Amino acid sequence: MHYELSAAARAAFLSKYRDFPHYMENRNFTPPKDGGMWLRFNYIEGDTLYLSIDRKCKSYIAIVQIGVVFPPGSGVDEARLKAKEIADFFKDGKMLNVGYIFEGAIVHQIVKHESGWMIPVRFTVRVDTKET
Amino acid sequence: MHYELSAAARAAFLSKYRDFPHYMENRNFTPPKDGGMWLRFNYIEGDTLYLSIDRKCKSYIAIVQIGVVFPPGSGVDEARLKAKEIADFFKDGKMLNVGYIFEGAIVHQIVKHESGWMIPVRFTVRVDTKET
Amino acid sequence: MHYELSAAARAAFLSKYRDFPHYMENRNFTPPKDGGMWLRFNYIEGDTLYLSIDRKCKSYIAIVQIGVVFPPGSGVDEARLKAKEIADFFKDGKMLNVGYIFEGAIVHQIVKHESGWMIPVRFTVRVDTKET
Amino acid sequence: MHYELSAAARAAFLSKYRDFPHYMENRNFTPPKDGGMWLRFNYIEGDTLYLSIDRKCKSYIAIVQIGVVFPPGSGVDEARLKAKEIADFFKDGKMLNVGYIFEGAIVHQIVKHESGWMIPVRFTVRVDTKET
Amino acid sequence: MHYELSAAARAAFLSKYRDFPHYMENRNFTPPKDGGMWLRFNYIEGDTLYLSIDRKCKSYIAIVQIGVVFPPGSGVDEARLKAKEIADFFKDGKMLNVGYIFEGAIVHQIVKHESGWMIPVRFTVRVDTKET
Amino acid sequence: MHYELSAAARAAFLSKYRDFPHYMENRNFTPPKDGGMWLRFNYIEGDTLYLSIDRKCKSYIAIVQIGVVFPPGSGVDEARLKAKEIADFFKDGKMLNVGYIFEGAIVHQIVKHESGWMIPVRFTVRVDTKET
Amino acid sequence: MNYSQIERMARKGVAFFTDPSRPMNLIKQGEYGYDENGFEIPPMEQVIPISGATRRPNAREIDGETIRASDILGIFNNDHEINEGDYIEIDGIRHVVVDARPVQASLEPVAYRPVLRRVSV
Amino acid sequence: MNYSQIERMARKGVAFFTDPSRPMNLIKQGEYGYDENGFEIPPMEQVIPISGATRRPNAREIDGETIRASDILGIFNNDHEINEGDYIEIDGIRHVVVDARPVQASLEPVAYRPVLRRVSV
Amino acid sequence: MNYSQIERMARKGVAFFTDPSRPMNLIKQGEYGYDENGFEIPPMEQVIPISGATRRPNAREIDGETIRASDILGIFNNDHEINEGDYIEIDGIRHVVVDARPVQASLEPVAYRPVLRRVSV
Amino acid sequence: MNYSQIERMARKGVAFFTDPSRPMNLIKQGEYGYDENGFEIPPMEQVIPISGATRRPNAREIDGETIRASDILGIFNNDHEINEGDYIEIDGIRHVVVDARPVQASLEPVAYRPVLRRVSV
Amino acid sequence: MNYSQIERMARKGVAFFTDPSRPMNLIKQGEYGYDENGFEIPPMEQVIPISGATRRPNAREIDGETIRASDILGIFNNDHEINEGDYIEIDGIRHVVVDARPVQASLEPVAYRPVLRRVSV
Amino acid sequence: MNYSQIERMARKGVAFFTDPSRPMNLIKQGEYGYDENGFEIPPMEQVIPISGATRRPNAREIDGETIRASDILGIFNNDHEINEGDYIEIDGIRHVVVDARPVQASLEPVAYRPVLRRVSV
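Residues numbered from 1 in each chain as written, not as in the entry; some residues may be left out. Chains lettered and ligands numbered in written order. Part of a larger assembly, values for the part shown. Heavy atoms only, no water.

K.L.:
Is there a simple way to explain the overall build of chain A in this structure?
P.N.:
Each helix and strand in chain A was counted, giving two helices and five strands. The N-to-C order of helical and strand elements in chain A reads α-β-β-β-α-β-β. Projected onto its principal axes, the C-alpha coordinates of chain A cover approximately 60 × 25 × 25 Å. Per-residue burial for chain A yields a buried fraction of 58% across its 132 residues. Across chain A, contacts joining residues at least 24 apart in sequence account for 56% of those joining residues at least 6 apart. (Helix = DSSP H or I, 4+ residues; strand = E, 2+ residues; numbered from the N terminus. Buried < 20%, exposed > 50% of the residue type's maximum accessible area, 1.4 Å probe, protein only. Contact = heavy atoms within 4.5 Å.)

K.L.:
Looking at this model, I keep getting lost on the side chain of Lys58 of chain E. Mind explaining?
P.N.:
All names here are of chain E. Looking at the secondary structure, you find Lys58 in strand β3 (residues 57-70). Look at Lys58: it is buried, it has no salt bridge, and the nearest opposite charge is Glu131 at 8.1 Å. For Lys58, the side chain forms a polar contact with the side chain of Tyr60, separated by 3.1 Å. Not counting chain neighbours up to four residues away, the residues in contact with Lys58 comprise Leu49, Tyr50, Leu51, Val127, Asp128 and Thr129. (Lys, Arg positive; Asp, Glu negative; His and termini not counted. Salt bridge = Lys/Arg side-chain N within 4 Å of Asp/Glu carboxyl O. Polar contact = N/O pair within 3.5 Å; in protein donor to acceptor, adjacent residues only side chain to side chain.)

K.L.:
I tried to follow the interface of chain H and chain A on my own but got confused; where do I start?
P.N.:
Interfaces are often sized by the amount of accessible area the parts lose when they come together. Contacts between chain H and chain A engage 20 residues on the former and 22 residues on the latter. Run the count over chain H and chain A and you get two salt bridges. Its salt-bridge partner being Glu114 of chain A, residue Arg117 of chain H comes within 2.3 Å of it at the nearest N-O pair. Inspection of the chain H/chain A interface yields eleven residue pairs in polar contact. Only β6 (93-99) and β9 (115-118) of chain H provide two or more residues apiece to the side of chain H that touches chain A. Element by element, the count of residues in the side of chain H that touches chain A is highest for β6 of chain H, at four residues. Among the residues making up the side of chain H that touches chain A, the classes are represented as nine nonpolar, four polar and seven charged. (Nonpolar A, V, L, I, M, F, W, Y, C, P; charged D, E, K, R; others polar.)

K.L.:
Mind showing me how you'd approach the sheet that holds strand β4 (residues 69-75) of chain J here?
P.N.:
Either a parallel or an antiparallel arrangement is found when strands of a sheet pair, and the pairing is made through backbone hydrogen bonds. Residue and element names in this part refer to chain J. Pairing is antiparallel across the open sheet formed by seven strands, whose spatial order is β2-β1-β5-β6-β9-β4-β3. In this open sheet, the two edge strands, each paired with only one partner strand, are β2 (47-49) and β3 (53-60). Averaged over all neighbouring strand pairs, the angle between strand axes comes to 30°, with direction disregarded. By the bridge criterion, three bridges tie strand β1 (residues 24-27) to β2 in an arrangement that is antiparallel. Bridging from a neighbouring strand, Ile27 pairs with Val47 of β2. (Pairing = 2+ DSSP bridges. Axes fitted to C-alpha atoms, helices over the stretch in contact; angles between N-to-C directions.)

K.L.:
Any chance you could explain the interface of chain A and chain B here in plain terms?
P.N.:
Each side of the interface is counted separately: chain A has 16 residues, and chain B has 21 residues. Summed over both partners, the interface of chain A with chain B comes to about 1,500 Å²; 49% of that surface belongs to carbon and sulfur atoms. The interface formed by chain A and chain B holds two salt bridges in total. A salt bridge links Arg55 of chain A to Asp92 of chain B, with the nearest nitrogen and oxygen atoms 3.6 Å apart. Along the contact surface separating chain A from chain B lie five residue pairs in polar contact. Counting only elements with at least two residues in the side of chain A that touches chain B, the list comes to α1 (3-16) and β2 (38-50) of chain A. In terms of residue count, β2 of chain A provides more of the side of chain A that touches chain B than any other element does, seven residues in total. For the side of chain A that touches chain B, the per-class residue count stands at five nonpolar, five polar and six charged. (Buried area = accessible area lost by both parts, 1.4 Å probe.)

K.L.:
Please explain empty space enclosed by the protein as it appears in this structure.
P.N.:
Rolling a probe over the atoms, with the probe sized like a water molecule, indicates the empty space that remains. Of the voids in this model, the largest cavity is the one considered here, and its volume is about 180 Å³. Every element with two or more residues in the lining of the largest cavity is listed here: α2 (77-89) of chain E together with α1 (3-16) and β2 (39-45) of chain F. Classifying every residue of the lining of the largest cavity gives eight nonpolar, four polar and six charged. (1 Å grid on protein atoms, 1.4 Å probe; cavity = no way out; pocket = protein on both sides within 12 Å on 5 of 7 lines; lining within 4 Å. Points joined across faces, edges and corners; volume = space filled by probe spheres on them.)

K.L.:
Is there a simple way to think about the nonpolar core in this case?
P.N.:
Residue and element names in this part refer to chain A. The biggest cluster of nonpolar side chains holds 35 residues, and the ones touching the most others in it are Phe13, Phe90 and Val125. Broken down by secondary-structure element, the contributors of at least two residues to this core are α1, β2, β3 (57-70), α2 (77-89), β4 (100-107) and β5 (117-130). Those residues in contact with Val125 that lie beyond four places of it in its chain are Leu5, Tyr60, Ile61, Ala62, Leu96, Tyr100, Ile101 and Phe102. (Core = buried A, V, L, I, M, F, W, Y, C linked by side-chain atoms within 4.5 Å.)

K.L.:
In this structure, what is going on with unusual backbone geometry? I would like to understand it.
P.N.:
Trans peptide bonds make up the majority, and among non-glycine residues the majority have a negative phi. Positive phi is not limited to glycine here, since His80 of chain H has a value of about 60°. Here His80 of chain H shows up in the loop between β4 (69-75) and β5 (87-90). The phi angle at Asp91 of chain L is positive, at roughly 55°, despite the residue not being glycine. Within the fold, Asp91 of chain L resides in the loop between β5 (87-90) and β6 (93-99).

K.L.:
Mind showing me how you'd approach the packing of α2 of chain A against helix α1 (residues 3-16) of chain C here?
P.N.:
The relative placement of two packed helices is expressed as an angle between their axes plus a distance between the axes. Packing of α2 of chain A against α1 of chain C brings their axes to within 10 Å, and their N-to-C directions diverge by 150°. By the angle between their axes, α2 of chain A is roughly antiparallel relative to α1 of chain C. Between α2 of chain A and α1 of chain C, the residues in contact are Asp77, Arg80 and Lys84 of chain A and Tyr3, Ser6 and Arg10 of chain C, respectively. Considered class by class, the residues forming the contact of α2 of chain A with α1 of chain C number one nonpolar, one polar and four charged. (Parallel < 35°, antiparallel > 145°, perpendicular 65-115°, else oblique.)

Encoded structure:
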């Protein structure tokens, strides 16, 4: 149960942010001509845990990272505004249509570059299953 | 008993995926002309554990890795579906003709390259043997 | 909430050191022509802790970095004195208008470069919040 | 006492595989023109232990590594078989002329190079001594 | 209180060895013409410890490093003698006019370079302060 | 007291092997024209332990490493013979004129190079003093 | 100036070092977009004929695993402009245009000098 | 000596290898400064027309995510002096002037050879 | 144009710097395929005569074990097309073609400049 | 031999490629030495007007912090000898002589080719 | 073609840049083989005279212990063919032939350009 | 052949680019050897006047610590041979001969081109 979780995460994020420019997995995407902020989408595969002794009830953990990029020389508080709003929308305990948010709304330190800055927001999703 | 482990793993995987384009160890293989996905086969040698005090009852552990490669710019959902099907086929406790799968059906994070992407699936097989 | 922490830190720092030339986040800044010392404001984000079992009382921890830079061959004692002034101003337990200083006034070993030396001072701010 | 142990192990291997092409320590040897499999001989020194409080009874440990090389594009089954007979021949507890096999018959993971592949087989030997 | 500790250590050192050629921090200095030995002065900041719950009594640790450099091809015994003399002078328990030597007279490994060799000598100074 | 330790070690080693080609610290030395074996002398200073609470009883450790070199293409058994000869001479419990050997006669792994091979032999010496 | 003169000269030069017997094709994919549930497939190929010049072959080694791949650099005309991630089909072997590199001193580049990397690995 | 001659030669040289149909612009932002609370916005654009020449395109690869961006160099005149953080509008695509590089041996530099990197990433 | 001109020139050039007394051969292996249990062998050799030239010898050093092997480059003709995984028999010594490097600007490459690396290690 | 010839030639060459309108200065500090307690200040500047030539600007980038600094190399005459730690005032901006590099073949070097790194960072 | 001419010119060139006063020698050891117990010595030297030229000496630095060794390259004739592990004596100083580098496009190489590394360390 | 002519030309060339006003000295220490207890000093200097030329000055930089040292190369004649660890006194500053580099093709080298690094650090 790993394909469905990624599909659900994409569905939720995309339904929240249809209009705003974004980049997804393995699709040739060009940045906006104006160079304004756009979103990055990533999926990180965590380990899978075997719960019981009979090897039948399992769990799946995944990490979702959304990156807000912005041009140099234009400040950072707009990016921080976008980040807090993303985190508030992706709160803990929200029930996705296949799984649920194990722990959400984490912001890490900004990575700095000479062409454009990016700030990540990372959270984790979980789905538990019983094979019968 | 280590030759038979590779023999049995090859037998099972090859019986499952005769027709799919696949690459085996140390054979000059060329990728398909159209750029479609192909499978990769590797075998990894684990340690051998001494169980008794008289050094007669032994064990053998092996790691088997299957890689799914795909061209850039063609998405990831079909590759994830294929990985899910591989994991479903390789269930834990499946009985090989010489040994058995110790724990299986694990999907690791995607390795990304500018020429093409690869998803690895890794599992382990084990044989307990007796000497007289 | 994370923007308010940076806003309060900027307010306090900027009110205390308005006139002194200083560098803000992501603004194209040129050093003084004479090469005199200038301030370098920086912001580092830490983790966020979920304290309770209902996931309602949270904590935000942030690291604030102030770096002083001075030309080579001009001595180091005056730079140390300035850093001591900064640390004495940023004393422990100060009540920020949104959060509070968890612990401040720590000076670390000097970093040496062939074009100009730098002394970093570092402290941490913390905000405890209850969600309703 | 470390010289005689190496001499005896070398003598045993040489008496077993006198005819088959092989490479020894620090002697100029050229690989076969046809490119068939040839064996590599190596010796490793271990630590020496003081057992008592009067420093009279000691022990000597050694590690022996042997290698099987094969050309690319020739598969792996012949090499794995050959390693299997080597491991069978070098079984645990066999007594040498000066010492004995402390722990034997181990096969490690294949090291891959684009010019030719190698499989290592490693074991360890021991001698116990009392000097009056 | 970190300025005064550096001032005291410098005062003691230069009172003991005013005449002998030496280099001190952040001042352009040229080595002796004849290539004879000379002294190096360094200062390293330690950590600052908060002792009590009310954060009113603190401590400052500093490390002082003095190196003796000597030309290649001239032996080591005279350098060792000079280092021994320095260590004997800078003994434990000596009282500076601000702080005191926490523990001193340590000699470390020779660092080898093909242009000239160096022997380090390191000790530590401490100040315990109570702010009212 | 660290000068006399090196003095004593050099005295003992030179008294044992005055004639044989050897290399010492910081003296220009050219290897034999024929290319036969020769010895290296290295001195490593250990840390000084402070035993008591009145800071008056002191200890000094040192490590001595001697290497034997030999040309390629000429076997290893003569080198092993010479190495175990050195080890036999430097036995445990021997009393120097200043300190004493803590342990001796340890041989390690062969280090190989394109131009010649070397084998190390390492031991350690100790002195203990009480200051008045 | 007169970039039309550079254009005509580049066209004749590219036509000089080309063989009108190597099947070359150019594939442009685009206009994807996901479903409300989060999965779909872009059904478009947009394959067109093309011809040009190639030089500087190179082979690929990854970790000694004997994959036997190769990569090329090319020279092309200014018709059907090359994008940064297009597919180039050469003799049944597909490559991705990793870099366009238009020989440019003005808009409407006179020619392209792309770098191609073989598909998959 | 007599840098006016060099100025004239540079002016005609830049006018030679240029196309008067590439829309290019210069954007200069400046005079910011935060509020008493610690946040505000600098309300100024300062956009002006400009013309020049470019060379050596180079694609950008970060780690293999198919981002498809590029960066170039430029050759410009001696009017509307360039800084190390100015914005260059190239056919609707903005770039940052990372390096100014004025071709200089005297005050009032004759020409500039800026290095331009595409904005965002 | 007229790639036959280049073909003839390359053939004559290769014939110039060659010795018709060095025993040289080419080995092609192919058509494998495993048993229902997972082990078998392809029983074919496919050896053919060939002639050419070599240049730039280089010894092989791994870590000082004194194995004493060497590696070379080649120049060959346009017959018996060289693949990426073939063997070359040189004067009693076999090498593997690690790199093909066809000198090419059209189909049926005029000549090959392969890189040969000695078999085993 | 005859180093006066090359001295005059170098002086005239420096005079040719110079601007007599760029305010340039040279600052030498020296003769420090600490108080009996361990802190004091060297109270002297020793500034002297100088003229010369510059070439090859280079931008300085640290980690993406947008500091906008630059560095230059210089050519100068054989008066007011250059030391390894002197300051150079270039058109209202200070630089440190990281390396002097006296073009030499004998005593009394004929000219200096220093490398100047911008003050601060 | 006609490698005899190359043989002759190479021999003449080698004979040109040589000094007939430097004692030079070659050592070939061979035919080893171990005793049933596993230790023995090869009792053969096979010393022969030789002459040639050298170029490009180099000093050797390991880690700063003042060991003061040197290394050399050589050029030689086509007589007494060199192997990959032979010894060369150069005026009281021995060296080992690491690489032979036969200058060759055919069989019976016309000359050798070996690299000699000083024995021991 | 005839290395005498080479010697003459080398001596004349060295004598050309030189100044007879820079004091240069040469220090040879040798024949040490420890006392029966393990400590003594070699009491010999062996100072000899030398003349020559220098080129390519370079600065020395360790970690930004402001030490201001320099290094130079030299060209010298073929008397008072240079060993691998001698001292060269150049205008009040000592240097160690790190590499000698005799310009050699035969016995009795005609000149040395050593590299000198400044003593201490």
